[PDB]
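Novice: Supplied in structure tokens, the structure appears directly below.
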Amino acid sequence: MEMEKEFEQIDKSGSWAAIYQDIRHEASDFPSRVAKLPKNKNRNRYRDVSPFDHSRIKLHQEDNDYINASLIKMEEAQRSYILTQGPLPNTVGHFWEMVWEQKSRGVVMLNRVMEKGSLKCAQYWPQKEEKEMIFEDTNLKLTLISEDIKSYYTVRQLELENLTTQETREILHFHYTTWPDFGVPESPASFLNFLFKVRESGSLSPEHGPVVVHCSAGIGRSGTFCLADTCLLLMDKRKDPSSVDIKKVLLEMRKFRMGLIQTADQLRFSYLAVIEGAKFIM
Ligand SMILES: CSc1nnc(NC(=O)c2ccco2)s1
């Protein structure tokens with residue numbers, strides 16, 4: 001079926017939970033043996049969210065190459081994304097090592113450091129120009145260059161320096177600051193505006209390594225972001241845009257990381273975002 005009318009048909013019939021459970025039943029199951037090794041317990045935020053072995057990002061290290069991060073490679077859309085958990089106190093250096101080694105231009109953050117009165121990820125970037133951060137375990141230095149605070153999101157320019165080689169690179173930090181502590185946004189308008197700002201920066205384009213996207217677990221809000229982006233790109237590329245099947249795209253993405261889209265409300269919100277976004281594109 002088309003999307004917008006499949007949408008009203010699920011709303012009128014109140015069957016979002018049944019649609020979402022079908023997706024969960026059909027989703028791929030692949031091994032995640034490296035994630036479950038005892039030496040990696042303090043590298044995982046949640047025991048039930050792990051990267052598959054076949055698609056995990058490897059750190060360029062001989063001691064321990066593990067990080068909770070996956071490469072999502074979308075062949076028809078010609079887009080790639082790295083989806084990862086929010087960094088932990090003992091993985092902030094690994095996180096920036098990955099950004100460096102994978103040649104990423106942008107980092108997309110979809111959570112606040114504290115939500116619901118608890119910490120959802122480490123404070124992993126500097127908050128003042130004159131107070132830089134040094135990650136001694138991976139030999140990197142990170143400096144805040146500039147910050148632009150808007151009503152729904154903040155954009156930061158950061159300098160990452162590889163202290164071994166003295167090479168430097170400019171990284172863009174795109175921080176969506178207004179996702180509610182509970183539920184999903186009422187309108188997709190500010191989320192779509194944010195996605196378009198990431199696109200306009202070049203961070204999603206083939207001349208750079210894959211964008212790094214995270215929330216707390218790296219599967220819910222993060223899954224919504226890449227699902228919406230890929231579906232809108234396919235609607236631009238194909239002769240028949242009504243052929244784009246958001247459930248099929250989501251199952252393809254779940255071949256590369258488990259659990260993408262965590263609730264039926266996130267599934268409904270993803271439909272809403274793609275539907276509204278397709279009208280603005282034209
Ligand atoms: C204010 S001067 C300074 N503080 N901290 C530095 N290094 C780190 O904060 C760090 C490494 C891993 C997590 O935090 S340089």
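By convention in this document, the chains of the structure tokens carry letters A, B, ... by their order, each chain's residues are numbered from 1, and ligands are numbered from 1 in the order they are shown.
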Output as JSON lines one row per residue of chain A within 9 Å of ligand 1: the closest atom pair and its distance in Å to one decimal place, counting only C-alpha atoms and all ligand atoms, sorted by chain and residue number ascending.
Specialist:
{"residue": "A:88", "atom": "CA", "partner": "ligand 1", "partner_atom_place_in_ligand_line": "13 (C)", "distance": 8.8}
{"residue": "A:89", "atom": "CA", "partner": "ligand 1", "partner_atom_place_in_ligand_line": "13 (C)", "distance": 6.1}
{"residue": "A:90", "atom": "CA", "partner": "ligand 1", "partner_atom_place_in_ligand_line": "12 (C)", "distance": 7.2}
{"residue": "A:91", "atom": "CA", "partner": "ligand 1", "partner_atom_place_in_ligand_line": "12 (C)", "distance": 7.7}
{"residue": "A:92", "atom": "CA", "partner": "ligand 1", "partner_atom_place_in_ligand_line": "12 (C)", "distance": 5.4}
{"residue": "A:93", "atom": "CA", "partner": "ligand 1", "partner_atom_place_in_ligand_line": "12 (C)", "distance": 5.8}
{"residue": "A:122", "atom": "CA", "partner": "ligand 1", "partner_atom_place_in_ligand_line": "13 (C)", "distance": 8.0}
{"residue": "A:123", "atom": "CA", "partner": "ligand 1", "partner_atom_place_in_ligand_line": "14 (O)", "distance": 7.7}
{"residue": "A:124", "atom": "CA", "partner": "ligand 1", "partner_atom_place_in_ligand_line": "13 (C)", "distance": 6.4}
{"residue": "A:125", "atom": "CA", "partner": "ligand 1", "partner_atom_place_in_ligand_line": "14 (O)", "distance": 8.3}
{"residue": "A:126", "atom": "CA", "partner": "ligand 1", "partner_atom_place_in_ligand_line": "9 (O)", "distance": 8.1}
{"residue": "A:128", "atom": "CA", "partner": "ligand 1", "partner_atom_place_in_ligand_line": "1 (C)", "distance": 8.9}
{"residue": "A:130", "atom": "CA", "partner": "ligand 1", "partner_atom_place_in_ligand_line": "1 (C)", "distance": 8.4}
{"residue": "A:131", "atom": "CA", "partner": "ligand 1", "partner_atom_place_in_ligand_line": "1 (C)", "distance": 4.8}
{"residue": "A:132", "atom": "CA", "partner": "ligand 1", "partner_atom_place_in_ligand_line": "15 (S)", "distance": 5.6}
{"residue": "A:133", "atom": "CA", "partner": "ligand 1", "partner_atom_place_in_ligand_line": "15 (S)", "distance": 3.9}
{"residue": "A:134", "atom": "CA", "partner": "ligand 1", "partner_atom_place_in_ligand_line": "7 (N)", "distance": 4.4}
{"residue": "A:135", "atom": "CA", "partner": "ligand 1", "partner_atom_place_in_ligand_line": "11 (C)", "distance": 4.3}
{"residue": "A:136", "atom": "CA", "partner": "ligand 1", "partner_atom_place_in_ligand_line": "11 (C)", "distance": 6.8}
{"residue": "A:137", "atom": "CA", "partner": "ligand 1", "partner_atom_place_in_ligand_line": "11 (C)", "distance": 8.2}
{"residue": "A:141", "atom": "CA", "partner": "ligand 1", "partner_atom_place_in_ligand_line": "15 (S)", "distance": 8.4}
{"residue": "A:142", "atom": "CA", "partner": "ligand 1", "partner_atom_place_in_ligand_line": "15 (S)", "distance": 8.9}
Novice: Applying 8 Å and only C-alpha atoms, which residues near residue 66 (chain A) remain after dropping the ones on its own chain fewer than 2 positions away? List them as a list in words.
Specialist: residues 34, 35, 40, 43, 57, 58, 59, 64 and 68 of chain A
Novice: I need the residues in region 66-237 of chain A that are alpha helix (DSSP H) according to DSSP; give them as a VMD selection string.
Specialist: chain A and resid 92 to 101 189 to 200 221 to 237
Novice: Please provide the set of residues having any atom within 8 Å of residue 20 (chain A), restricted to only C-alpha atoms, with same-chain residues fewer than 6 positions apart removed, written as a ChimeraX atom specification.
Specialist: /A:263-264,267
Novice: When distances are computed from only C-alpha atoms, which of A:156, A:169, A:253, A:218 shows the smallest separation from residue 198 (chain A)?
Specialist: A:156
Novice: Out of A:174, A:271, A:52, A:7, which residue has the shortest atom-to-atom distance to residue 197 (chain A) when counting only C-alpha atoms?
Specialist: A:174
Novice: So what do you get for CA of residue 219 (chain A) versus CA of residue 143 (chain A), distance-wise?
Specialist: 28.2 Å
Novice: Could you please write out, as a count of residues only, every residue of region 55-266 of chain A that DSSP assigns to strand (DSSP E)?
Specialist: 63
Novice: Report, in Å with one decimal, the straight-line distance from CA of residue 12 (chain A) to CA of residue 259 (chain A).
Specialist: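 Going from CA of residue 12 (chain A) over to CA of residue 259 (chain A) covers 26.4 Å.
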Novice: Dump as a tab-separated table the rows for residues of region 12-114 of chain A within 10 Å of region 220-232 of chain A: closest atom pair and distance in Å with one decimal, only C-alpha atoms counted, ordered by chain and rising residue number.
Specialist:
residue	atom	partner	partner_atom	distance
A:72	CA	A:226	CA	9.1
A:74	CA	A:230	CA	7.8
A:76	CA	A:230	CA	9.4
A:77	CA	A:230	CA	6.3
A:78	CA	A:230	CA	8.9
A:79	CA	A:230	CA	7.4
A:80	CA	A:226	CA	9.1
A:81	CA	A:226	CA	7.4
A:82	CA	A:226	CA	9.7
A:83	CA	A:222	CA	6.9
A:84	CA	A:222	CA	8.4
A:85	CA	A:222	CA	9.2
A:108	CA	A:222	CA	8.7
A:109	CA	A:222	CA	8.4
A:110	CA	A:221	CA	6.6
A:111	CA	A:221	CA	8.3
Novice: Restricting the output to N, CA, C and O atoms, write the selected residues as an mmCIF file, in the first residue's frame.
Specialist:
data_model
loop_
_atom_site.group_PDB
_atom_site.id
_atom_site.type_symbol
_atom_site.label_atom_id
_atom_site.label_comp_id
_atom_site.auth_asym_id
_atom_site.auth_seq_id
_atom_site.Cartn_x
_atom_site.Cartn_y
_atom_site.Cartn_z
ATOM 1 N N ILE A 72 25.587 0.659 9.259
ATOM 2 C CA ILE A 72 24.361 0.449 8.502
ATOM 3 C C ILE A 72 24.629 0.902 7.049
ATOM 4 O O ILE A 72 24.762 2.103 6.787
ATOM 5 N N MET A 74 23.268 1.191 3.269
ATOM 6 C CA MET A 74 22.026 1.136 2.492
ATOM 7 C C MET A 74 22.396 1.215 1.005
ATOM 8 O O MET A 74 22.787 2.269 0.497
ATOM 9 N N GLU A 76 20.787 0.623 -2.127
ATOM 10 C CA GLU A 76 20.032 1.365 -3.148
ATOM 11 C C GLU A 76 20.072 2.865 -2.897
ATOM 12 O O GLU A 76 20.178 3.656 -3.835
ATOM 13 N N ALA A 77 19.943 3.281 -1.637
ATOM 14 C CA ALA A 77 19.977 4.712 -1.335
ATOM 15 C C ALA A 77 21.369 5.311 -1.432
ATOM 16 O O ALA A 77 21.485 6.535 -1.477
ATOM 17 N N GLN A 78 22.419 4.482 -1.432
ATOM 18 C CA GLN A 78 23.809 4.947 -1.427
ATOM 19 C C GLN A 78 24.104 5.876 -0.244
ATOM 20 O O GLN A 78 24.739 6.918 -0.379
ATOM 21 N N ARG A 79 23.679 5.450 0.943
ATOM 22 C CA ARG A 79 24.004 6.126 2.202
ATOM 23 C C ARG A 79 24.536 5.111 3.198
ATOM 24 O O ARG A 79 24.046 3.972 3.240
ATOM 25 N N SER A 80 25.504 5.531 4.023
ATOM 26 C CA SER A 80 25.960 4.726 5.168
ATOM 27 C C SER A 80 25.875 5.547 6.454
ATOM 28 O O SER A 80 26.052 6.771 6.440
ATOM 29 N N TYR A 81 25.600 4.856 7.557
ATOM 30 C CA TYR A 81 25.546 5.482 8.883
ATOM 31 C C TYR A 81 26.257 4.577 9.875
ATOM 32 O O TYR A 81 26.163 3.349 9.779
ATOM 33 N N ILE A 82 26.917 5.169 10.882
ATOM 34 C CA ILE A 82 27.367 4.421 12.050
ATOM 35 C C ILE A 82 26.405 4.747 13.195
ATOM 36 O O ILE A 82 26.256 5.921 13.583
ATOM 37 N N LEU A 83 25.742 3.723 13.751
ATOM 38 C CA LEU A 83 24.874 3.904 14.912
ATOM 39 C C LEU A 83 25.556 3.342 16.155
ATOM 40 O O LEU A 83 26.061 2.210 16.133
ATOM 41 N N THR A 84 25.613 4.149 17.228
ATOM 42 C CA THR A 84 26.335 3.772 18.434
ATOM 43 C C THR A 84 25.569 4.240 19.689
ATOM 44 O O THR A 84 24.656 5.081 19.628
ATOM 45 N N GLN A 85 25.909 3.640 20.816
ATOM 46 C CA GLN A 85 25.356 4.055 22.104
ATOM 47 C C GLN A 85 25.977 5.394 22.523
ATOM 48 O O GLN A 85 27.073 5.752 22.100
ATOM 49 N N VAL A 108 25.901 13.206 15.199
ATOM 50 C CA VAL A 108 24.492 13.537 15.467
ATOM 51 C C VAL A 108 24.098 12.970 16.845
ATOM 52 O O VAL A 108 24.143 11.749 17.062
ATOM 53 N N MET A 109 23.700 13.854 17.774
ATOM 54 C CA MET A 109 23.307 13.487 19.148
ATOM 55 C C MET A 109 21.828 13.819 19.366
ATOM 56 O O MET A 109 21.406 14.960 19.126
ATOM 57 N N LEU A 110 21.025 12.816 19.765
ATOM 58 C CA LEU A 110 19.575 12.960 19.821
ATOM 59 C C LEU A 110 19.024 12.920 21.260
ATOM 60 O O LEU A 110 17.801 12.879 21.445
ATOM 61 N N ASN A 111 19.896 12.942 22.251
ATOM 62 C CA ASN A 111 19.509 12.897 23.666
ATOM 63 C C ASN A 111 20.172 14.048 24.416
ATOM 64 O O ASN A 111 21.110 14.673 23.931
#
Novice: Find the residues near region 186-195 of chain A: any atom within 7 Å, counting only C-alpha atoms, skip ones fewer than 6 places away on the same chain, and give them as an MDAnalysis selection string.
Specialist: chainID A and resid 152 272:273 277
Novice: Applying 10 Å and only C-alpha atoms, which residues near residue 115 (chain A) remain after dropping the ones on its own chain fewer than 4 positions away? List them as a CSV table (one decimal) with N, CA, C and O atoms, in the first residue's frame.
Specialist:
chain,number,residue,atom,x,y,z
A,111,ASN,N,19.9,12.9,22.3
A,111,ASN,CA,19.5,12.9,23.7
A,111,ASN,C,20.2,14.0,24.4
A,111,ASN,O,21.1,14.7,23.9
A,119,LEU,N,21.7,9.8,34.3
A,119,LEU,CA,22.7,10.2,33.2
A,119,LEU,C,22.5,9.2,32.0
A,119,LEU,O,22.5,8.0,32.2
A,120,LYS,N,22.3,9.8,30.8
A,120,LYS,CA,22.1,9.0,29.6
A,120,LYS,C,23.3,8.8,28.8
A,120,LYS,O,23.3,8.0,27.9
A,121,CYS,N,24.3,9.7,29.0
A,121,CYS,CA,25.7,9.5,28.3
A,121,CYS,C,26.6,10.5,29.0
A,121,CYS,O,26.2,11.4,29.8
A,180,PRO,N,11.2,14.9,23.8
A,180,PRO,CA,10.7,14.8,25.2
A,180,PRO,C,11.2,13.6,26.0
A,180,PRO,O,11.5,12.6,25.5
A,181,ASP,N,11.2,13.8,27.4
A,181,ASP,CA,11.7,12.7,28.2
A,181,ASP,C,10.8,11.5,28.0
A,181,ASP,O,11.3,10.4,28.1
A,182,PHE,N,9.5,11.6,27.8
A,182,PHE,CA,8.6,10.5,27.6
A,182,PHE,C,7.9,10.7,26.2
A,182,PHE,O,7.6,11.8,25.7
A,216,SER,N,20.7,7.3,23.7
A,216,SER,CA,21.3,6.6,24.8
A,216,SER,C,21.7,5.2,24.4
A,216,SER,O,22.9,4.8,24.6
Novice: Give me, please, the distance in Å between CA of residue 184 (chain A) and CA of residue 268 (chain A), quoted to one decimal.
Specialist: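 Distance reported for this atom pair: 9.4 Å.
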Novice: Could you check which of A:2, A:280, A:113, A:23 is closest to residue 196 (chain A), using only C-alpha atoms?
Specialist: A:280
Novice: Quick one: of A:150, A:251, A:183, A:270, who's nearest to residue 24 (chain A), counting only C-alpha atoms?
Specialist: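 Nearest to residue 24 (chain A): A:251.
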Novice: With a distance cut-off of 12 Å and only C-alpha atoms, select the neighbouring residues of residue 104 (chain A), excluding the residue or stretch itself and same-chain residues fewer than 5 positions from it, and output the selection as a ChimeraX atom specification.
Specialist: /A:80-82,95-99,160,169-173,202-213
Novice: Export, as an mmCIF file, in the first residue's frame, the selected residues with N, CA and C atoms.
Specialist:
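What ended up in out25.cif:
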data_model
loop_
_atom_site.group_PDB
_atom_site.id
_atom_site.type_symbol
_atom_site.label_atom_id
_atom_site.label_comp_id
_atom_site.auth_asym_id
_atom_site.auth_seq_id
_atom_site.Cartn_x
_atom_site.Cartn_y
_atom_site.Cartn_z
ATOM 1 N N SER A 80 25.504 5.531 4.023
ATOM 2 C CA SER A 80 25.960 4.726 5.168
ATOM 3 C C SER A 80 25.875 5.547 6.454
ATOM 4 N N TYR A 81 25.600 4.856 7.557
ATOM 5 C CA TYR A 81 25.546 5.482 8.883
ATOM 6 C C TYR A 81 26.257 4.577 9.875
ATOM 7 N N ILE A 82 26.917 5.169 10.882
ATOM 8 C CA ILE A 82 27.367 4.421 12.050
ATOM 9 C C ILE A 82 26.405 4.747 13.195
ATOM 10 N N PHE A 95 35.286 6.322 21.509
ATOM 11 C CA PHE A 95 34.362 7.044 20.627
ATOM 12 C C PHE A 95 35.096 7.984 19.654
ATOM 13 N N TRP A 96 36.010 8.831 20.170
ATOM 14 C CA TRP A 96 36.692 9.777 19.300
ATOM 15 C C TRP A 96 37.739 9.073 18.420
ATOM 16 N N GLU A 97 38.317 7.973 18.911
ATOM 17 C CA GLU A 97 39.168 7.127 18.073
ATOM 18 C C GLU A 97 38.398 6.633 16.834
ATOM 19 N N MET A 98 37.161 6.150 17.032
ATOM 20 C CA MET A 98 36.306 5.715 15.928
ATOM 21 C C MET A 98 36.019 6.848 14.945
ATOM 22 N N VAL A 99 35.607 8.021 15.462
ATOM 23 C CA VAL A 99 35.360 9.173 14.588
ATOM 24 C C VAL A 99 36.578 9.451 13.702
ATOM 25 N N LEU A 160 39.454 18.139 16.222
ATOM 26 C CA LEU A 160 40.020 16.887 16.718
ATOM 27 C C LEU A 160 41.446 16.766 16.205
ATOM 28 N N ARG A 169 41.492 17.812 12.240
ATOM 29 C CA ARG A 169 40.280 17.813 11.430
ATOM 30 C C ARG A 169 39.158 18.554 12.133
ATOM 31 N N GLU A 170 38.318 19.177 11.336
ATOM 32 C CA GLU A 170 37.116 19.835 11.820
ATOM 33 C C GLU A 170 35.935 18.861 11.846
ATOM 34 N N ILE A 171 35.322 18.688 13.022
ATOM 35 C CA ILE A 171 34.124 17.851 13.217
ATOM 36 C C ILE A 171 32.931 18.745 13.560
ATOM 37 N N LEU A 172 31.787 18.493 12.933
ATOM 38 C CA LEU A 172 30.536 19.188 13.248
ATOM 39 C C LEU A 172 29.669 18.342 14.193
ATOM 40 N N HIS A 173 29.230 18.935 15.293
ATOM 41 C CA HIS A 173 28.356 18.282 16.297
ATOM 42 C C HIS A 173 26.939 18.842 16.173
ATOM 43 N N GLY A 202 26.980 18.714 4.526
ATOM 44 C CA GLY A 202 27.875 17.752 3.905
ATOM 45 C C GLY A 202 28.156 16.498 4.718
ATOM 46 N N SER A 203 27.689 16.428 5.950
ATOM 47 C CA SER A 203 28.078 15.326 6.829
ATOM 48 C C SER A 203 27.552 13.965 6.366
ATOM 49 N N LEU A 204 26.517 13.937 5.524
ATOM 50 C CA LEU A 204 25.929 12.670 5.079
ATOM 51 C C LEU A 204 26.409 12.259 3.698
ATOM 52 N N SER A 205 27.327 12.995 3.126
ATOM 53 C CA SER A 205 27.669 12.856 1.722
ATOM 54 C C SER A 205 28.861 11.933 1.496
ATOM 55 N N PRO A 206 28.980 11.376 0.275
ATOM 56 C CA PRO A 206 29.974 10.314 0.026
ATOM 57 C C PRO A 206 31.415 10.750 0.097
ATOM 58 N N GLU A 207 31.705 12.049 0.049
ATOM 59 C CA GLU A 207 33.085 12.513 0.158
ATOM 60 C C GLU A 207 33.630 12.460 1.583
ATOM 61 N N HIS A 208 32.832 12.015 2.547
ATOM 62 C CA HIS A 208 33.281 11.832 3.923
ATOM 63 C C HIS A 208 32.971 10.400 4.372
ATOM 64 N N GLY A 209 33.610 9.965 5.454
ATOM 65 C CA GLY A 209 33.228 8.742 6.129
ATOM 66 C C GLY A 209 31.802 8.820 6.642
ATOM 67 N N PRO A 210 31.235 7.699 7.119
ATOM 68 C CA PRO A 210 29.840 7.732 7.570
ATOM 69 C C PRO A 210 29.641 8.641 8.787
ATOM 70 N N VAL A 211 28.492 9.321 8.810
ATOM 71 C CA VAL A 211 28.073 10.083 9.984
ATOM 72 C C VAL A 211 27.950 9.137 11.185
ATOM 73 N N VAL A 212 28.298 9.630 12.376
ATOM 74 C CA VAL A 212 28.105 8.881 13.625
ATOM 75 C C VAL A 212 26.834 9.398 14.289
ATOM 76 N N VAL A 213 25.836 8.518 14.539
ATOM 77 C CA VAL A 213 24.582 8.936 15.165
ATOM 78 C C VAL A 213 24.332 8.140 16.450
#
